[PDB]
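What follows is a pair of forms of the same protein chain, given separately as structure tokens and numbered structure 1 and structure 2.
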Structure 1
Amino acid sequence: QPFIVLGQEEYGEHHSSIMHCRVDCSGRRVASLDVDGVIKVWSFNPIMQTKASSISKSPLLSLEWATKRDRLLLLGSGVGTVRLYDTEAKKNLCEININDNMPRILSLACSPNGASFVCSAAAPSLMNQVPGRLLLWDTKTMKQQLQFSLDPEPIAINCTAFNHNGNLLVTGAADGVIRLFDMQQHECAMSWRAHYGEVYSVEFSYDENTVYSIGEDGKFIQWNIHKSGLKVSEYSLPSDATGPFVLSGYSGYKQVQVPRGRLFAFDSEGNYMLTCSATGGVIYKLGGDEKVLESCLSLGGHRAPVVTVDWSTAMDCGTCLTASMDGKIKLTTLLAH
């Protein structure tokens, strides 16, 4: 028992499968988005209550909390737009067109220092081996500054993450390639083939000596940031960590969700990792170079596949989100020792 479970509560206001759910930087609000384009913003401590609800007319593909203005949420659409939404005013402050032929805003990342953000913008899917771009913006003006060239070719980027001080951005794409960007020189510092198939999520280790990825080949991999494509470790996760996520009845009728949101998340110092399963969140201890990966805690509580997760740590206490295909989000409260 590395954690004690103080409680599990359910947020049930969504009526469709969850696409993303993310805790804001204060650690006190959730923004969640379902596949019907319903955005919800809610607190959970001490109880769940909804602060904002809106239906998007246009498809929404991505979501990212601002780092230096807690109340602001970036939203990426399926029609080439990025919206700045103010969660206290309950209104879109602006909506900026990506003057391009790439309508799918697959990923948004806000710089730690709050001065910039990046988005991926991809062509329509045909599978997702399609052109995409990586855009850098200025938050103050909400104008694009530049686009990063992608080698060997433009490609849809599924995931982005900054490091702690924001001078590095790691990315994973539909070609299975990880591209790491120096955000000072604005160039690719490093890239390598990471997965057979798409990369779904990427993150810096706490110590920033490695990055972690998860992709379509079922694998969780740790990579040495000081030596391109040198694996540190590699685990085959259970299938239901990476999907595709399937809900059936007897009928011939199924719902299929391909990974879109974050497939893993971490505790404050990155000693533990939360992942999806059919039945709820599954948490593993990192750091080992053991053969099998040490599965230590199962959060449970889901009657439909979990398809995205989050983990925030605030007031010396852990908040885990697990989100399932029935629209249900479980918030599990953890304390360490």
Structure 2
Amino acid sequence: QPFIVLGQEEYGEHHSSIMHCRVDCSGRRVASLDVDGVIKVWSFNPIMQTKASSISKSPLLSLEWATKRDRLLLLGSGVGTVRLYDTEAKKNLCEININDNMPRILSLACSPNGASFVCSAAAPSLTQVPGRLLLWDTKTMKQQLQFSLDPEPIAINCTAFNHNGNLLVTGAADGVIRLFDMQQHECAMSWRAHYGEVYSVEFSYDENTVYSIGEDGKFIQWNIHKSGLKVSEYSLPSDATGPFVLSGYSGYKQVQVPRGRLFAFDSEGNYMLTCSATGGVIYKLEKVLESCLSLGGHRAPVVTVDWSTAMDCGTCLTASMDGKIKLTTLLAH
């Protein structure tokens, strides 16, 4: 038992399936976005209370806290825009126009230095559809750079920066991981990672590996020094990667393919939180992966997770297709 469960609480202000649930960098505020385009910004310390609420006219596909401007939220739309939402002033400051031809903003990564963001802009979902990867200067609100996607423009699903923000790891709909240097058009490194789409990518705590989870239901650790050398590979339970299904009393059913983060890590990247039908499942990061804590508490499939720390106190977020978000407080033992 590596964690003491201090308690579990439930945020129920969403009445639709959750797409995204992210704690801000201070560990004090949650931004949650559902499939109906409702954003809730809420605190859980000292009590659970909504601070802000907005209803999108447009579909929203991605959600990312700004790094320099605390209380600023980036929202990627399905109409080729990025919204800067001031959570304190409780209004949109501006809508940045990314691309009309590739209007699905599937991913946003804010540079740690706060001077720029990378966004994925993909063509409408027909089938393996083309996409762009773009660097934006936050100050001028102008595109700086378009990255080279070899061998063909493809939809980028997921992005993560290293600590410095000079390296960006990416997963695409073609199952390829591309590692970009921020001062280079062409990527430093790429390899076939998954059969089908890459859903989530992350740098290890020590930044010697990247972790990926994909449509083949595999969790893989890649050596970033040895392009496509696997360090570890695991078949997770199917309910870790979906598709996520909630059937109603008449057989009218809701089907959700992963969009939000499918995994999250504790502060030192020793443990990983994952989705399951009934709640969060945590694994210790020899040759096969074994679950060490099951958070439970959900009556509908968990589709996205987050793990934050504040005041030496871990907070696990598990979000389900009924719109329920469970908050589980962990103290390390």
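Residues are numbered by position in structure 1's sequence, first residue being 1. Take the two forms, find the largest set of C-alpha atoms that superpose within 1.5 Å, and that set is the rigid core. Residues that one form lacks are left out of the comparison.
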| query | After the core is superposed, which of these residues, 239, 184, 101, 145, moves its CA 2 Å or more between the two structures? | reply | 184
| Aligning on the rigid core, what is the distance the CA of residue 251 moves between the two structures, in angstrom? | 2.3
| note | Between-form comparison on the rigid core puts the Cα shift of residue 313 between the two structures, in Å, at 1.3
| said: Core-aligned, C-alpha shift of at least 2 Å, runs of at least 3 residues: can you list them between the two structures? | reply: 184 to 187, 249 to 252
